[PDB]
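> input-v9.txt is reproduced in full below (compact mmCIF, C-alpha atoms and all ligand atoms).
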```
# COMPACT_ATOMS: atom_id res chain seq x y z
CA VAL A 1 0.00 0.00 0.00
CA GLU A 2 1.58 3.29 -1.25
CA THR A 3 0.23 6.76 -0.20
CA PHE A 4 0.60 9.83 -2.43
CA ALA A 5 -0.32 13.46 -1.98
CA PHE A 6 -2.58 14.82 -4.78
CA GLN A 7 -1.08 17.89 -6.54
CA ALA A 8 -2.16 21.20 -4.86
CA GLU A 9 -4.75 22.10 -7.60
CA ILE A 10 -6.59 18.72 -7.50
CA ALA A 11 -6.70 18.82 -3.63
CA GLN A 12 -8.13 22.40 -3.93
CA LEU A 13 -10.73 21.26 -6.55
CA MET A 14 -11.69 18.27 -4.32
CA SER A 15 -12.25 20.41 -1.23
CA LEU A 16 -14.19 22.94 -3.42
CA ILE A 17 -16.52 20.05 -4.52
CA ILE A 18 -17.01 18.82 -0.90
CA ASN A 19 -17.51 22.30 0.70
CA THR A 20 -19.61 24.21 -1.92
CA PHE A 21 -23.37 24.18 -1.25
CA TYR A 22 -24.71 22.69 -4.50
CA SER A 23 -28.00 20.70 -4.57
CA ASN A 24 -27.84 19.25 -8.14
CA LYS A 25 -25.50 16.34 -7.05
CA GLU A 26 -26.90 13.83 -9.65
CA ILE A 27 -24.49 15.17 -12.39
CA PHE A 28 -21.81 12.72 -11.01
CA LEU A 29 -23.42 9.74 -12.79
CA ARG A 30 -23.28 11.43 -16.23
CA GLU A 31 -19.56 12.22 -15.62
CA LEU A 32 -18.64 8.63 -14.69
CA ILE A 33 -20.70 7.12 -17.56
CA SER A 34 -19.11 9.58 -20.08
CA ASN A 35 -15.60 8.62 -18.77
CA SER A 36 -16.49 4.92 -19.17
CA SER A 37 -17.78 5.63 -22.70
CA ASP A 38 -14.55 7.44 -23.67
CA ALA A 39 -12.51 4.53 -22.13
CA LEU A 40 -14.57 2.05 -24.24
CA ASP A 41 -13.92 4.23 -27.37
CA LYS A 42 -10.09 4.06 -26.63
CA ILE A 43 -9.95 0.24 -26.52
CA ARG A 44 -12.20 0.14 -29.67
CA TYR A 45 -9.70 2.36 -31.61
CA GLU A 46 -6.65 0.40 -30.34
CA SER A 47 -8.39 -2.84 -31.52
CA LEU A 48 -8.55 -1.54 -35.17
CA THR A 49 -4.74 -1.82 -35.66
CA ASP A 50 -3.87 -4.46 -32.98
CA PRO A 51 -6.92 -6.85 -32.56
CA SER A 52 -5.14 -8.85 -29.75
CA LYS A 53 -5.95 -5.92 -27.38
CA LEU A 54 -9.52 -7.43 -27.03
CA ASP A 55 -8.23 -10.93 -25.88
CA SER A 56 -8.82 -9.61 -22.28
CA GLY A 57 -12.56 -9.19 -23.11
CA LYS A 58 -14.50 -8.65 -26.36
CA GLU A 59 -17.73 -7.27 -24.79
CA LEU A 60 -17.90 -3.39 -24.53
CA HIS A 61 -20.52 -2.31 -21.94
CA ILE A 62 -21.30 -0.27 -18.77
CA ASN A 63 -22.86 -1.83 -15.62
CA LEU A 64 -24.42 0.25 -12.81
CA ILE A 65 -24.49 -1.76 -9.59
CA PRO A 66 -26.18 -0.45 -6.38
CA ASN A 67 -25.57 -2.27 -3.08
CA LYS A 68 -27.78 -1.06 -0.16
CA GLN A 69 -25.99 -3.35 2.37
CA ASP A 70 -22.52 -1.85 1.64
CA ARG A 71 -24.09 1.58 0.71
CA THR A 72 -22.19 1.60 -2.62
CA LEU A 73 -22.95 2.50 -6.22
CA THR A 74 -20.49 0.83 -8.63
CA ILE A 75 -19.86 2.03 -12.24
CA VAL A 76 -18.18 -0.85 -14.18
CA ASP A 77 -16.80 -0.56 -17.77
CA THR A 78 -14.75 -2.93 -19.92
CA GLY A 79 -12.85 0.04 -21.38
CA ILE A 80 -9.09 0.45 -21.88
CA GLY A 81 -8.34 0.50 -18.10
CA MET A 82 -5.39 2.20 -16.37
CA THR A 83 -1.69 1.39 -15.71
CA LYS A 84 0.17 2.12 -12.39
CA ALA A 85 1.69 5.16 -14.23
CA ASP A 86 -1.87 6.36 -15.12
CA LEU A 87 -3.09 6.15 -11.48
CA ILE A 88 0.10 7.63 -9.91
CA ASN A 89 1.33 10.21 -12.46
CA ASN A 90 -0.71 10.62 -15.68
CA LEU A 91 -4.16 11.23 -14.08
CA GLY A 92 -2.68 13.98 -11.89
CA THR A 93 -0.93 15.67 -14.85
CA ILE A 94 -3.90 15.60 -17.34
CA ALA A 95 -6.21 16.96 -14.54
CA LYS A 96 -3.82 19.81 -13.39
CA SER A 97 -4.46 21.73 -16.67
CA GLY A 98 -8.29 21.38 -16.62
CA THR A 99 -8.57 21.94 -12.82
CA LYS A 100 -7.19 25.55 -13.00
CA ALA A 101 -9.45 26.44 -16.00
CA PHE A 102 -12.58 25.12 -14.14
CA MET A 103 -11.87 26.99 -10.81
CA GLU A 104 -11.29 30.19 -12.91
CA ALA A 105 -14.67 29.60 -14.64
CA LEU A 106 -16.63 29.15 -11.39
CA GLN A 107 -15.24 32.30 -9.90
CA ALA A 108 -16.43 34.09 -12.95
CA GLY A 109 -19.74 32.43 -12.12
CA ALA A 110 -19.87 29.13 -14.05
CA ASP A 111 -21.42 26.25 -12.23
CA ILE A 112 -20.26 22.91 -11.03
CA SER A 113 -22.41 21.07 -13.59
CA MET A 114 -19.83 22.25 -16.24
CA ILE A 115 -16.95 20.17 -14.61
CA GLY A 116 -16.81 17.61 -17.52
CA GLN A 117 -15.83 20.21 -20.16
CA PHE A 118 -12.57 20.66 -18.17
CA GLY A 119 -11.76 16.89 -18.11
CA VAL A 120 -12.06 16.66 -14.29
CA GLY A 121 -15.65 15.28 -14.22
CA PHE A 122 -14.56 12.19 -12.21
CA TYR A 123 -14.03 14.37 -9.05
CA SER A 124 -17.78 15.26 -9.04
CA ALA A 125 -17.99 11.71 -7.43
CA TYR A 126 -17.14 13.56 -4.15
CA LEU A 127 -20.51 15.39 -4.31
CA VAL A 128 -22.16 12.05 -3.25
CA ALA A 129 -19.27 9.78 -2.03
CA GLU A 130 -17.28 10.04 1.23
CA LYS A 131 -14.77 7.57 -0.31
CA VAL A 132 -14.07 6.34 -3.88
CA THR A 133 -12.29 3.03 -4.64
CA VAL A 134 -11.23 2.46 -8.30
CA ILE A 135 -10.29 -1.07 -9.49
CA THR A 136 -8.61 -1.05 -12.90
CA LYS A 137 -6.96 -3.40 -15.36
CA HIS A 138 -5.00 -2.31 -18.49
CA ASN A 139 -3.55 -4.80 -21.06
CA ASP A 140 0.07 -3.81 -20.31
CA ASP A 141 -0.15 -3.82 -16.46
CA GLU A 142 -1.43 -5.69 -13.32
CA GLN A 143 -4.76 -5.09 -11.45
CA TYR A 144 -4.65 -2.02 -9.21
CA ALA A 145 -6.90 -0.55 -6.52
CA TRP A 146 -6.77 3.30 -6.23
CA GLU A 147 -8.55 4.82 -3.24
CA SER A 148 -9.26 8.25 -1.72
CA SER A 149 -11.52 9.83 0.96
CA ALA A 150 -10.10 13.17 -0.28
CA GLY A 151 -8.20 14.99 2.51
CA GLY A 152 -5.19 15.61 0.21
CA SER A 153 -4.09 12.00 -0.36
CA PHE A 154 -4.86 8.77 -2.28
CA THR A 155 -3.51 5.20 -2.04
CA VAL A 156 -2.45 2.71 -4.72
CA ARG A 157 -2.09 -1.07 -4.12
CA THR A 158 -1.99 -4.18 -6.32
CA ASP A 159 -5.46 -5.75 -6.29
CA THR A 160 -5.37 -9.43 -5.13
CA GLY A 161 -9.21 -9.54 -5.43
CA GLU A 162 -11.44 -10.97 -8.20
CA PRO A 163 -9.74 -10.50 -11.65
CA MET A 164 -11.44 -8.04 -14.05
CA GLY A 165 -9.95 -8.96 -17.44
CA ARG A 166 -9.81 -5.32 -18.61
CA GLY A 167 -11.55 -2.08 -17.61
CA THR A 168 -12.43 0.16 -14.67
CA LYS A 169 -14.70 -0.27 -11.65
CA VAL A 170 -15.62 3.00 -9.78
CA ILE A 171 -17.01 2.15 -6.32
CA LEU A 172 -18.72 5.10 -4.70
CA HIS A 173 -18.94 4.77 -0.91
CA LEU A 174 -22.03 6.98 -0.56
CA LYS A 175 -22.48 9.63 2.12
CA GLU A 176 -25.28 8.71 4.64
CA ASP A 177 -27.70 11.33 3.17
CA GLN A 178 -27.08 10.24 -0.49
CA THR A 179 -28.78 6.77 -0.41
CA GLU A 180 -31.31 7.90 -3.11
CA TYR A 181 -28.58 6.90 -5.66
CA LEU A 182 -29.10 3.22 -4.65
CA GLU A 183 -32.77 3.41 -5.76
CA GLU A 184 -33.82 1.88 -9.11
CA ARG A 185 -36.29 4.68 -10.07
CA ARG A 186 -33.69 7.39 -9.27
CA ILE A 187 -30.81 5.81 -11.31
CA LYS A 188 -33.19 5.15 -14.26
CA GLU A 189 -34.41 8.79 -14.12
CA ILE A 190 -30.77 10.12 -14.08
CA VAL A 191 -29.57 7.80 -16.91
CA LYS A 192 -32.64 8.66 -19.11
CA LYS A 193 -32.13 12.46 -18.42
CA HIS A 194 -28.29 12.72 -18.83
CA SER A 195 -26.98 9.61 -20.69
CA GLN A 196 -29.80 8.50 -23.09
CA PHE A 197 -27.38 8.58 -26.13
CA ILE A 198 -24.28 6.55 -24.98
CA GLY A 199 -23.06 4.21 -27.78
CA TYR A 200 -22.60 1.19 -25.44
CA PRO A 201 -25.21 -0.86 -23.47
CA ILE A 202 -25.76 0.40 -19.89
CA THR A 203 -27.22 -2.24 -17.62
CA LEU A 204 -28.85 -1.15 -14.39
CA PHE A 205 -28.41 -4.14 -12.00
CA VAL A 206 -31.17 -4.62 -9.42
CA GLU A 207 -31.31 -6.06 -5.87
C1 LIG A 301 -12.02 9.75 -19.57
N1 LIG A 301 -10.97 9.29 -20.46
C2 LIG A 301 -10.95 7.84 -20.50
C3 LIG A 301 -9.89 7.33 -21.48
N2 LIG A 301 -8.61 8.04 -21.31
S1 LIG A 301 -7.20 7.24 -21.43
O1 LIG A 301 -6.49 7.94 -22.40
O2 LIG A 301 -7.56 5.92 -21.56
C4 LIG A 301 -6.33 7.52 -19.95
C5 LIG A 301 -5.12 8.15 -20.08
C6 LIG A 301 -4.34 8.44 -19.00
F1 LIG A 301 -3.16 9.04 -19.13
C7 LIG A 301 -4.77 8.11 -17.75
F2 LIG A 301 -4.00 8.41 -16.70
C8 LIG A 301 -5.99 7.49 -17.58
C9 LIG A 301 -6.80 7.19 -18.67
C10 LIG A 301 -8.08 6.52 -18.37
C11 LIG A 301 -8.38 5.29 -18.90
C12 LIG A 301 -9.53 4.68 -18.62
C13 LIG A 301 -10.44 5.26 -17.78
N3 LIG A 301 -11.58 4.68 -17.49
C14 LIG A 301 -12.42 5.26 -16.69
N4 LIG A 301 -13.59 4.65 -16.41
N5 LIG A 301 -12.20 6.40 -16.14
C15 LIG A 301 -11.12 7.06 -16.37
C16 LIG A 301 -10.87 8.35 -15.73
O3 LIG A 301 -10.90 9.34 -16.37
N6 LIG A 301 -10.60 8.42 -14.44
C17 LIG A 301 -10.52 7.34 -13.49
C18 LIG A 301 -9.85 7.88 -12.27
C19 LIG A 301 -9.37 7.25 -11.15
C20 LIG A 301 -8.79 7.96 -10.15
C21 LIG A 301 -8.68 9.32 -10.29
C22 LIG A 301 -9.14 9.94 -11.40
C23 LIG A 301 -9.72 9.22 -12.39
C24 LIG A 301 -10.32 9.62 -13.69
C25 LIG A 301 -10.16 6.50 -17.22
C26 LIG A 301 -8.96 7.12 -17.52
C27 LIG A 301 -8.60 9.48 -21.04
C28 LIG A 301 -9.68 9.83 -20.04
```
Could you quickly redo this structure as structure tokens?
Ligand SMILES: CN1CCN(S(=O)(=O)c2cc(F)c(F)cc2-c2ccc3nc(N)nc(C(=O)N4Cc5ccccc5C4)c3c2)CC1

Amino acid sequence: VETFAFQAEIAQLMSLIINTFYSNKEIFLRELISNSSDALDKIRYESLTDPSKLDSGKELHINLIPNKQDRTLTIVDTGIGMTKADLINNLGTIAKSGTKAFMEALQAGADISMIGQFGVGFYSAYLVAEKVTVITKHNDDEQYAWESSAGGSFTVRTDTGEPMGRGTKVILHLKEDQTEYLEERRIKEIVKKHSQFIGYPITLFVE
């Protein structure tokens, strides 16, 4: 288990998301589904030249899994996945650029719902989650588990758990007052409203 400090801008963006009074918290799902969709597009392009990149899983889909018992909402994709370098260095660097542009926009009065245009949409997860665990598997690396409860740090460990094949699993440990995002009707309403035109099948799992 390795612990890393987020870069100053990301930590600032994260605490902005957690501290700003903003009622329209549902936008998080759209951001995670759109990230999954883009990840699925990346493995689909890579498969045009090198077809062996789909030996880790041919099916390209998105699964939404609520668990009332564990109070979690999981967003699963069979997209490209992420390497140790992606989790530790690359994610932080690609975000850094978009993070500053977004915080500048909100001052000037933009609103949180515009987070995705700045490529930092993933962090909107902290509108509803007290902790986020990300399980990922890329073709050129091992299975990793990234984790953060914000507070300026994140952890990275090798995942000894159930193999994934290829893709990303975003486990949202929901805040006590955000259990509505475990409800079938609510998820369906959000997916129909924000993600009705995703070019991959989205399966809402039930309990
Ligand atoms: C949104 N697209 C997806 C495709 N790419 S990519 O080119 O494949 C890439 C290049 C990188 F250099 C890199 F570091 C990561 C990724 C990467 C790959 C697959 C992904 N799958 C999901 N589902 N999500 C994210 C994500 O955006 N996350 C998860 C995650 C985990 C922890 C912190 C931030 C975040 C934000 C992913 C990112 C670009 C971004």
> Could you list, as a PyMOL selection string, all the residues within 8 Å of ligand LIG 301 (chain A), counting only C-alpha atoms and all ligand atoms?
chain A and resi 32-43+75-77+79-83+85-92+94+119-123+134+136+146-147+167-170
> Name the closest residue to residue A:190 among the candidates A:93, A:84, A:68, A:204; distances are taken between atoms, counting only C-alpha atoms.
A:204
> Using all atoms listed in the file, which residues sit within 9 Å of residue A:14 once same-chain residues fewer than 6 positions away are excluded, as a PyMOL selection string?
chain A and resi 123-124+126+150-152
> So, with only C-alpha atoms as the atoms that count, which of A:48, A:187, A:125, A:132 lies closest to residue A:112?
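For residue A:112, the nearest of the given residues is A:125.
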> Just give me the gap between atom CA of residue A:3 and atom CA of residue A:178 in Å, one decimal is fine.
27.5 Å
> Residues at most 9 Å from residue A:173, counting only C-alpha atoms, excluding those fewer than 5 positions away in the same chain, as a PyMOL selection string?
chain A and resi 70-74+128-133
> Considering only C-alpha atoms, state which residue in the set A:171, A:186, A:103, A:95 is at the smallest distance from residue A:6.
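Closest to residue A:6, using only C-alpha atoms: A:95.
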> Check the smallest atom-to-atom distance from each of A:105, A:164, A:64, A:135 to residue A:188 using only C-alpha atoms, then report the winner.
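Smallest separation from residue A:188 among the options: A:64.
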> Skipping near chain neighbours, those fewer than 3 positions away, what residues fall within 10 Å of residue A:163 using all atoms listed in the file, listed as a PyMOL selection string?
chain A and resi 135-137+142-143+159-160+166
> Suppose you want the space between atom CA of residue A:165 and atom CA of residue A:78; what is it in Å?
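Those two atoms sit 8.1 Å apart.
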> May I ask which of the residues A:17, A:174, A:65, A:10 is the closest one to residue A:97, counting all atoms listed in the file?
A:10
> Quote the spacing between atom CA of residue A:13 and atom CA of residue A:181 in Å to one decimal place.
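Interatomic distance here is 22.9 Å.
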> Using all atoms listed in the file - which residues lie no farther than 9 Å from the point (-20.3, -5.2, -21.9) in the file's frame? Write them as a list in words.
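Residues with an atom close enough to that point: residues 57, 58, 59, 60, 61, 62, 63, 77, 78, 200, 201, 202 and 203 of chain A.
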> For residue A:156, please output as a PyMOL selection string all residues within 6 Å (counting all atoms listed in the file; exclusion window: fewer than 6 positions along the same chain).
chain A and resi 1-2+145-146
> Have a look at A:182, A:149, A:192, A:198 and name the one nearest to residue A:69; count all atoms listed in the file.
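Of A:182, A:149, A:192, A:198, the one nearest residue A:69, counting all atoms listed in the file, is A:182.
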